[PDB]
Each structure stands twice: as structure tokens, then as C-alpha cells.
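Before any comments, here is the structure.
In the authors' numbering, the protein residues as written are 402 to 808.
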């Protein structure tokens, strides 16, 4: 009676109204605090992301096989019970499985029998008595995994993940402040491209990090690096293109950082850098530069050595003037320059053309240069600016911007 009442409550129309999209722009359905899964969910054929959140001991009927495009599946605090035709359609269609848990029994034993599983986030502790990576021992059977996110408060890495890593390309382990014992057991990551140690608290870089030639994304976030000294051995790794060293205790950057040229999204934000050096601007391929929340003494001129740079965020620094060299760069779009000590913007900012978003709530800009109104791609949504200095501008320029906004 409870199941059939659930079917009668949540009809297909309001479910279509409630349909949303995930981060991957895929059709998702967030079922929160439900007694079960209505068959109106399973009557769908175009669903790809079946999200199941806090449903007590549900039993999945076979009609999931009708959901022809089903690829993702979100289990958050949900004990899932499934049958064999469902397992068949998930063995031929399903290539993703997102399991969030706080208990071993919440994790079902069917999820290890998938023949197309490719993306897989296990959230919750996986280390237990006779169950430390033995909850999930069927991850050998899954031979097509490519993404493995583990928010599990983990202390060691299984070798079987290293075996799977012939096809796996992303491993992000969240441990809430627990150090793993790497011991150079990660070198089978030939296909790994994004090693993301979130809140690892390593304070050191093992050789396995700069032994893996396919790594392109390296963020040692919240690892409390007082010093970063292992970038020199990265030149054997030809594929590194983005060093997003953010949210760290990095006190200083050695001048040898000027040796690099090939980075694009150099994000060195949320650090303790005393000043940006000219050496850092020897990197010619930089397209994105985030230096938010630093102790930079000033902004030098060599920031204008970045022609392909698109977004620049030197927010929450001690910066007073933007050089004309920065305005020779035609590709500046997102200039998060706010909460600074900026005295003024030199009129050579009229050279700028592609400015899109700027933040100026804060700073010390005495009055708006009219060149800030000159930027075409910069609209009212992008020009997050004070209103009085905007009113200091001639009314007809404001009218032109308004007409561009509304027509």
C-alpha cells in the first residue's frame, strides 16, 4: 500500500517539472527523502542520471531497463536492492555509479557486477574489519573504470586500483586529514592524467607524482607545502600543462619557476606569496592566471607578457596600478581585481577590447575612467562596479551601454 500510494502521489508530470541537470549537463533527478522509487520514474526512456538520496531499503523493479539512456547513478545514504534484468541493462548501458554511504551495509553487493562501469565515486569510509577495500573487492571485475573519486577517510591505497589504472584516468582521494602510505605503489598510473590529492596534508611530493608521464592536472590543495621544490624533475613528463597550486602554505616561489613556459591555467591563488616575480612571466602559454588571496607587494609590468591570457584574478592582494603592458594584451576577459588597494587604472586600458567581467567593489579607484565603459564584451553583469563613479560618466555613454543591454 505504501509503494502504490507512492506511485499515486508522485505522478509523471510533476516529476518532469522537477527534472534538472547535473554538472556534466546530463538529465538528473534528485529524489530526496522518498519512501521508494515510483514507477513513474521508471516509465521514462531518456533518463541518464538516476539519483537516489535517502530512500530506506528500496527494491528496484526491472522497468529501469526502459530508461534507455541511463548512464549515471547516484546512491546517497540509500540501501539499494536490484534484480537481474536491471543488472543486464546496467551491464550493457550504465557507465557511471556514484555511491555515497555512512555504513558498509548501505553499499550493495550487486554494484560489482557491471560490465560497462566507467565512472565511480565512493563516498564514505571503505576501511573496516574484513572490509577494508573488501567491501568493494569486485572492482577487479570492472575493467573500464576511468574516474575514481574516494571520499573515504583513507589511510592506504589498494594495489587493485593500480591494476585498473591501465584504463583509469582520474583518482581524487578525499580523506578529511589522513595521510596515505604511497610507498611508490602508484607507478602503474600510465593512463592517469589528473592526480588530485585534496586535503592530503602531504607537505612533500613523492617521486611517483613526477614519474607519471601523463599527469596534466596537479593541485596539492591544503597539503601545507611550506616549500615546493620538485618541479625540476617534471620535465621528463611532457604533458603537464596546468599547475593549479592553490590553498596552500607556500611562503615563496623560487626564481627557477621562470624555467617553465608551457603552462596555461597557472592558478597560484590562496597562498602566502610575497610578490609575483618577472621570472613567472617567462611562461608564454599562460591563458589563465589566478593569484587570489596573496601578500603581493605590488603588480609589476611583466604581467603584460601574457597575450593569450583570458581570465586574471589577483584578488585580495596589495596591488596599486595596472601597467600599460597588461593592456597590450587584447584577450583579458575576467579581471577579478577587487578588494585591493588599486590607486587608478592608466588610460592605456583603452587598448583593452575583450574585457568581460570585472569586480571593483572595494579598491581605491577615485573615479571611473571612461575606458571601463569602452569595453564592449564587458556588460552590466560583468561590470560589477560602484554606481556613483558610473554616474560621473557622461549620460549618453551610459545610454549606449543601456541600449546594448536592452535594445
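Ideal placement from N, C-alpha and C gives every residue a C-beta, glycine not left out.
Continuous alpha helix (DSSP H) stretch holding residue i: start and end
i           : result
residue 485 : 485-493
residue 563 : 560-565
residue 729 : 725-729
residue 798 : 796-807
residue 473 : Here residue 473 belongs to no alpha helix (DSSP H); instead the beta strand (DSSP E) covers 473-477.
residue 772 : 772-775
residue 556 : Unbroken run through residue 556: none, as it is neither H nor E.
residue 790 : 789-792
Test item: CB-CB of residue i and residue j under 8 Å
i           : j           : result
residue 566 : residue 527 : no
residue 607 : residue 583 : yes
residue 702 : residue 670 : no
residue 458 : residue 480 : yes
residue 502 : residue 525 : yes
residue 497 : residue 473 : yes
residue 640 : residue 661 : no
residue 689 : residue 659 : no
residue 673 : residue 637 : no
residue 541 : residue 576 : no
residue 551 : residue 580 : no
residue 687 : residue 707 : yes
residue 770 : residue 749 : no
residue 621 : residue 590 : no
residue 585 : residue 609 : yes
residue 677 : residue 664 : no
residue 505 : residue 483 : no
residue 553 : residue 523 : yes
residue 562 : residue 521 : no
residue 744 : residue 783 : no
8 Å CB neighbourhood of residue i in its chain, flanking five on each side removed
i           : result
residue 544 : 565 and 568
residue 710 : 687, 688, 689, 690, 730, 732 and 733
residue 627 : 604, 650, 651 and 652
residue 634 : 608 and 611
residue 448 : 428, 430, 442, 468, 470 and 471
residue 519 : 496, 497, 545, 546, 547 and 548
Close Cβ partners of residue i (< 7 Å) along its chain, the five nearest in sequence each way excluded
i           : result
residue 452 : 429, 430, 431, 432 and 475
residue 727 : 704 and 705
residue 488 : 511 and 514
residue 756 : 733, 734, 736, 776, 778 and 779
residue 441 : 408, 411, 412, 413 and 416
residue 491 : 515
residue 404 : 437
residue 712 : 689, 734 and 735
residue 352 : Missing from the structure shown is residue 352; the chain here goes from 402 to 808 and no further.
residue 666 : 643, 645, 688 and 689
residue 517 : 492, 493, 494, 495, 496 and 545
residue 656 : 678 and 680
Cutoff 6 Å; reference residue i; Cβ partners in own chain excluding five residues on either side
i           : result
residue 768 : 790 and 793
residue 742 : 719, 721 and 765
residue 761 : 739 and 786
residue 595 : 571 and 618
residue 763 : 739 and 740
residue 509 : 481
residue 507 : 480
residue 464 : 443
residue 754 : 731
residue 717 : 693, 694 and 740
Beta strand (DSSP E) segment containing residue i, residue limits
i           : result
residue 538 : Unbroken run through residue 538: none, as it is neither H nor E.
residue 524 : 520-524
residue 508 : Neither: residue 508 is in no beta strand (DSSP E) and is coded neither H nor E.
residue 694 : No beta strand (DSSP E) holds residue 694; DSSP gives it neither H nor E.
residue 574 : 571-575
residue 591 : Counting along the chain, residue 591 falls outside any beta strand (DSSP E), and DSSP gives it neither H nor E.
residue 548 : 548-552
residue 480 : Here residue 480 belongs to no beta strand (DSSP E), and DSSP marks it neither H nor E.
residue 759 : 758-760
residue 580 : Careful: residue 580 lies outside any beta strand (DSSP E) and carries neither H nor E.
residue 498 : 497-501
Runs of 3 residues minimum, wholly inside the stretch 408-468: which ones carry the beta strand (DSSP E) assignment? 428-433 and 450-454
Segments of 3+ residues assigned as beta strand (DSSP E) that fall wholly inside the stretch 597-681: 618-620 and 666-668
In chain order, which continuous runs of the alpha helix (DSSP H) of length 4 or greater are located wholly inside the stretch 696-745? 725-729
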